[PDB]
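What follows is a single chain, given as structure tokens, in the form deposited in one PDB entry.
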């Protein structure tokens, strides 16, 4: 029941995802690893402890390096894995940039809207891709050679569910979405007309509605099970929740950067509030090829 235009839209998004999502993370290299006023600290300390994870490094030889984080006592212990997660987030975003560049509807947009759209959807597209490698039964993001396993807590599943980011990943994983529905979610999140700095509001909004219409159609043709009733509205609701979480963790990120500077050059540009001159790295990447 999909139109030819809609079939073409899903083919280009699926092709772009394949060409720009390093699911095995085999090209993620040269990352930092953990080495072998007062009220602001208390808020920040709660932020980081909510997402405590152990890092696992699998080698082609079969070896495994495992990092267990220190317990939450004293200060500057919570910042152990932050530099590594900053290097990982930066790598994920460079793939997000390449994802948008392949899309024809995005490439033809003005360079300032391209910068503004990626600046506003970076975290959201990054979390959507993390969800496709998230293992809900083990609480682990399986990123090829690297694995990020959630540390146990005293409250357990119920206490972790109080963290919105963690709750987003479990709820979205339970929808059992297809690759096409994720990539259409990524497109809908990317082409948001109400992002700060967008000038072609009407052009981006038209693009967004068509991506959403194509998602609604795809679900109607391939998801006749009763478990998938209202799946389109559920997905659209999850996308609205992710936008809310992005704001929370944009301010968390800025608090944590102030107390302790952990950001890469590209992440600092994304959080800097001439667009091209302020984002020189992002402008260069958008101009480069694949």
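Positions refer to the first chain, counted from 1.
Heads up, the form deposited with a partner chain bound isn't pictured, but that's what we're talking about next.
For the candidate set 125, 115, 184, 88, a heavy atom within 4.5 Å of the partner chain in the deposited bound form is found for exactly one residue, namely 115. Though the partner chain is absent from this view, in the deposited bound form it lies within 4.5 Å of a heavy atom of just one residue from 149, 166, 82, 97, which is 97. Using a 4.5 angstroms threshold between heavy atoms, residue 261 stays clear of the partner chain in the deposited bound form. Mapping the unseen interface onto this chain, residue 224 falls outside it, with no heavy atom inside 4.5 Å of the partner chain in the deposited bound form. When the partner chain is considered in the deposited bound form, residue 102 lines it closely, a heavy atom lying within 4.5 Å. Of the heavy atoms in residue 111, some are within 4.5 Å of the partner chain in the deposited bound form.
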